[PDB]
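# Structure assessment
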Amino acid sequence: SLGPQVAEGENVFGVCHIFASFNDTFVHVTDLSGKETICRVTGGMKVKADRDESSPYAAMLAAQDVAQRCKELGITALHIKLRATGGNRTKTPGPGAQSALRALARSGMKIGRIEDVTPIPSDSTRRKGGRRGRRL
Amino acid sequence: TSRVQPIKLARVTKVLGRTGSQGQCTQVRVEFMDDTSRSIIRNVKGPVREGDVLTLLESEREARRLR
Amino acid sequence: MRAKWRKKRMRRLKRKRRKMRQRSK
Amino acid sequence: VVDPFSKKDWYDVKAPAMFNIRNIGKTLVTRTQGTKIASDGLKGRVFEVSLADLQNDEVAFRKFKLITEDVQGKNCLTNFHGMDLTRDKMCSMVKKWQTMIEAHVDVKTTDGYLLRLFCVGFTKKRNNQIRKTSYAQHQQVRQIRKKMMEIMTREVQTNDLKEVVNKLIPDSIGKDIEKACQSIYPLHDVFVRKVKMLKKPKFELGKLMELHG
Amino acid sequence: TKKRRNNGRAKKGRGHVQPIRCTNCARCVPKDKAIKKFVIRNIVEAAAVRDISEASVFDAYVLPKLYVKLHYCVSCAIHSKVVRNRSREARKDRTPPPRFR
RNA sequence: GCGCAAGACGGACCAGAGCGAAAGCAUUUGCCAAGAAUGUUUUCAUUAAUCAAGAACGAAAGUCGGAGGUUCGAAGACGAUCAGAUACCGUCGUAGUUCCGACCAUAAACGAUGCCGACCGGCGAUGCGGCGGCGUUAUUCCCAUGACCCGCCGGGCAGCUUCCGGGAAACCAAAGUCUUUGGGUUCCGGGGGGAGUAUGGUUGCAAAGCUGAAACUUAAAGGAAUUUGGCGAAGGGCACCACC
Ligand SMILES: [Zn+2]
């Protein structure tokens, strides 16, 4: 439940999977292997209102929650894995991922590699909607 | 929240345009007399003359244009 | 109209007329 | 009801003598509880490490796959599993008004390990170039692809993994590609996309022991 | 009235091209007809670049970018105001606008 | 995060680029067959152009019979919308969508322009083959080729400008060479509705395809463009009878 390595000599590393869509955000933190995790949090964990799921506020509250959990457990540094909606839907990251990164960096933890693990396809199946699309 | 911010001062240099839906906030670029190398962009409501001094609560956050 | 739905209604009328013609036999 | 973090260990991972930096971080596991084995739970853990985190200040847009096999207590030993490229780098290669040459091969080393290598190629826009397009003919692209495939099926089977991945570190296979392909059409940017491990033989402890040391 | 010299696309010697899908909607548009934006962007736009610079173990760490292209139907492009309309006499200007920043 | 299985598709490279009679065509590799252009002091010597009847191919949807059905999604089911929506929206979802056969021959199948031949401007570019001409590179010597530069030829997708000329004008290097009217030749239109309708023949298991009137009614229906207009179109300015 603690890191036996001294903090001054070395710092420990985990990774985080910042998945942000147009209606939700996730902050999921695990180690380099990624098989087992530290803690998880969604965009609806800290706000009961559904309308406020896609916002900077739920992202920064989630980042503060995992910040407190990683401070109390003993994980000091984190690698970045940003994720958009992915697949064939949307290749653009959500408007809460940057605020989540800002909240997770302003709380005094060290960062590592910043890499996009957005699931880009070669060619997927047909997109949702009609031939004329989602018109409104 | 457990967040404490130090008191920050300001010093206006050159006037700029005005933002807001009704033009009540005025852009102005400032310098810090405490550390004369950092300059940030902020909005001020009220009359502003060049050569005046502004009071703040924190100087680490910037504001957007409209929304 | 637009000619697509006018043609569709005319073809439905043709099918109705052919139904009545084959029923009248 | 109770925190599972009380039933939690802290093991270390080590690189073989094939690499330079030995340890890279920590892992998390519980102790054994009868039908649960702590040695099994450390088996299927693929790692995602950078090249500059394993060597000195070299290029840092390459990723290496490391898979664990065996533990002895408070420490673990890994092995090579594959190669990856940074998506920032790979997405920065592809620009308009040049042709892409991509190849693959199924080539087997001296031992039972089998690799599927990839290559990608982007052509020279010349120093004295005025013409916008600078494309290549299809037979030229075909024979450059044949040249890349025959080079990377020349390099691999003559040795084993312990030295061909040492060749795979700086640029050497891509160096051979970019040095043996000026004759057909000049090309400027070739690296190795990925190495996808396909088949592994029965596991012996001795080979894992001699790589680590 | 023939509005343009071409017909809103670059189809001059084929007759049929491959259709693709938009991003804001799913409208099937031909590839040479659509308005495509190959946008270039960074991970941190303008806010936390100093935050990333100070709080990094790697000294003077270079920030990565993100590469993405979007496909637009004409209604979705004008609704997003990417492209606007002008006079027919000034419609014959194929040059892109001068990018300053 | 690791393995397994299924079907669909070949992103980025991907273009006012290429090929094909047209529909249409994109992972790599192998096999079979075909073709334009180019080069030619090779061959036959008018074998040619357009073409009723007849014939081949033919987007999507549709029908019959097997296999497969990942995703999508007509019919239909459920909640919110508005005065009302069995519409838009979201979750599901049958038939189809995929492959092998068997069929109708219908698209804004459009460059809304049939083919062959000849003539009359300029300019910069791109693709193919051939031909030259300072120079750089696969290291230096050195030739042949690939790569790059500067010119040419012939054909093709195209582009900019033009008081040649034309047109109702948009615009056209063809829609030009037309009262100064004739190069050769297939299809097709005579105000708008009725109406691509009735009937008859024809083809098809069927959806329907081809051929196709009349009675009656009507003085307008149409194409190009200027001038104010009306935008829940974009882009500027002003007003305490607009506001902070
Ligand atoms: Zn769209």
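Deposited coordinates in this entry are attributed by the record to cryo-EM, at a stated resolution of 4.2 Å.

## Describing the overall build of chain E
Tallying secondary structure elements over chain E gives two helices and four strands in all. N-terminal to C-terminal, the α/β element order of chain E is β-β-β-α-β-α. Relative to a compact globule of 101 residues, whose C-alpha radius of gyration would be 13 Å, chain E shows 19 Å and is clearly more extended. Principal-axis analysis of the C-alpha atoms places the extent of chain E at approximately 65 × 30 × 25 Å. Taken over 101 residues, chain E has a buried fraction of 25%. Long-range pairs, those at least 24 residues apart, make up 56% of the contacts in chain E between residues at least 6 apart in sequence. Only carbon and sulfur atoms are counted for the fraction: they give 52% of the accessible area of chain E, which is about 8,100 Å². If the 27 positive side-chain charges of chain E are averaged to one point and the 7 negative ones to another, these points end up 18 Å apart.

## What about empty space enclosed by the protein?
The final tally for this structure, using the stated rule, is seven cavities of 30 Å³ or more. One number sums up the size of the largest cavity: a volume of about 110 Å³. If you go around the largest cavity, the residues you meet are A:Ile18, A:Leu78, A:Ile80, A:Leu82, A:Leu101, A:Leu104, A:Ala105, A:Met109, A:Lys110, A:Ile111 and E:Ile52. Mapped by element, the contributors of at least two residues to the lining of the largest cavity are strand 4 (77-83), helix 2 (97-106) and strand 5 (110-116) of chain A. Class assignment for the residues of the lining of the largest cavity results in 10 nonpolar, no polar and one charged. Taken as a whole, the second largest cavity spans an internal volume of roughly 80 Å³. Lining of the second largest cavity is provided by D:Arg62, D:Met83, D:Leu168, D:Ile169, D:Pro170, D:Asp171, D:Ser172, D:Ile173, D:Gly174, D:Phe191 and D:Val192. Here the residues of the lining of the second largest cavity are counted per class, giving seven nonpolar, two polar and two charged.

## Points about the state of the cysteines
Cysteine pairs can be linked by a disulfide, which is a covalent bond between their two sulfur atoms. Residue and element names in this part refer to chain E. Following the criterion strictly, the structure yields one disulfide over all chains and no others. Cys73 shares a disulfide with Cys76; S-S distance 2.2 Å. Its torsion about the S-S bond being 70 degrees, the disulfide of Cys73 and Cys76 is classed as right-handed. Overall, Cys73 belongs to the buried group, its relative accessible area being 3%. Take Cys76: its relative accessible area is 10%, and that puts it in the buried class. Sulfur of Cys28: no disulfide; nearest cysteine sulfur belongs to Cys25 and is 9.8 Å away.

## A word on a nonpolar patch on the surface
Judged by side-chain polarity, B:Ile7, B:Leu9, B:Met33 and B:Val53 come together as a nonpolar surface patch covering roughly 410 Å² of accessible area. Looking at the secondary structure, you find B:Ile7 in the segment before strand 1 (11-19).

## Brief notes about the pattern of salt bridges
In this structure the tally under the stated criterion is 18 salt bridges over all chains. For A:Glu115, the salt bridge identified is with D:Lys63, shortest N-O distance 2.9 Å. Linking A:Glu115 in strand 5 with D:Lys63 in strand 4 (residues 62-71), this pair reaches from one chain into another. Classification of A:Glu115 by relative accessible area gives buried; the value is 11%. Ionic pairing is found between D:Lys167 and D:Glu155, a salt bridge with its closest N-O pair at 2.8 Å. Here D:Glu155 lies in helix 2 (residues 138-155) and D:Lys167 lies in helix 3 (residues 161-168), a separation of 12 residues in the sequence. Given the relative accessible area of 28%, D:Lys167 is considered partly exposed. What makes D:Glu155 buried here is its relative accessible area of 18%.

## Quick look at the environment of A:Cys16
All names here are of chain A. Tracing the sequence through the fold places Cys16 in strand 1 (residues 13-20). Judged by relative accessible area, which is 0%, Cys16 ranks as buried. Between the alpha carbons of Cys16 and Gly112 there is a distance of 10 Å; along the sequence they are 96 residues apart. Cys16 has contacts with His28, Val29, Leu78, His79, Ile80, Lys81 and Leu104, leaving out every residue within four places of it along the chain.

## A closer look at the coordination of the zinc ion
Residue and element names in this part refer to chain E. Within the protein, the zinc ion binds to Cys22 (SG), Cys25 (SG), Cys73 (SG) and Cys76 (SG); these donor distances fall in the range 2.2 Å. Around the zinc ion, the four donor atoms sit at angles spanning 57 to 145 degrees, and that spread fits a shape best called irregular. Each donor residue of the zinc ion lies on one chain, and together they are spaced C-x2-C-x47-C-x2-C. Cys76 shares its class with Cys73; the two are buried.

How each quantity is defined
Residues numbered from 1 in each chain as written, not as in the entry; some residues may be left out. Chains lettered and ligands numbered in written order. Part of a larger assembly, values for the part shown. Heavy atoms only, no water. Helix = DSSP H or I, 4+ residues; strand = E, 2+ residues; numbered from the N terminus. Rg over C-alpha atoms; globule rule 2.2 N^0.38 Å. Buried < 20%, exposed > 50% of the residue type's maximum accessible area, 1.4 Å probe, protein only. Contact = heavy atoms within 4.5 Å. Areas by Shrake-Rupley, 256 points an atom, 1.4 Å probe, with all protein chains shown as cover. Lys, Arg positive; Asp, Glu negative; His and termini not counted. Charge placed at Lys NZ, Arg CZ, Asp CG, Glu CD. 1 Å grid on protein atoms, 1.4 Å probe; cavity = no way out; pocket = protein on both sides within 12 Å on 5 of 7 lines; lining within 4 Å. Points joined across faces, edges and corners; volume = space filled by probe spheres on them. Nonpolar A, V, L, I, M, F, W, Y, C, P; charged D, E, K, R; others polar. Disulfide = S-S within 2.5 Å. Patch = residues over 30% accessible without salt bridge, like charges linked within 9 Å, V, L, I, M, F, W, Y side chains within 5 Å. Salt bridge = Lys/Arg side-chain N within 4 Å of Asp/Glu carboxyl O. Donors = N, O, S within 2.8 Å, 3.2 Å for Na, K, Ca; no water. Tetrahedral: all angles 85-135°; square planar, octahedral: opposite > 155°, others 65-115°.

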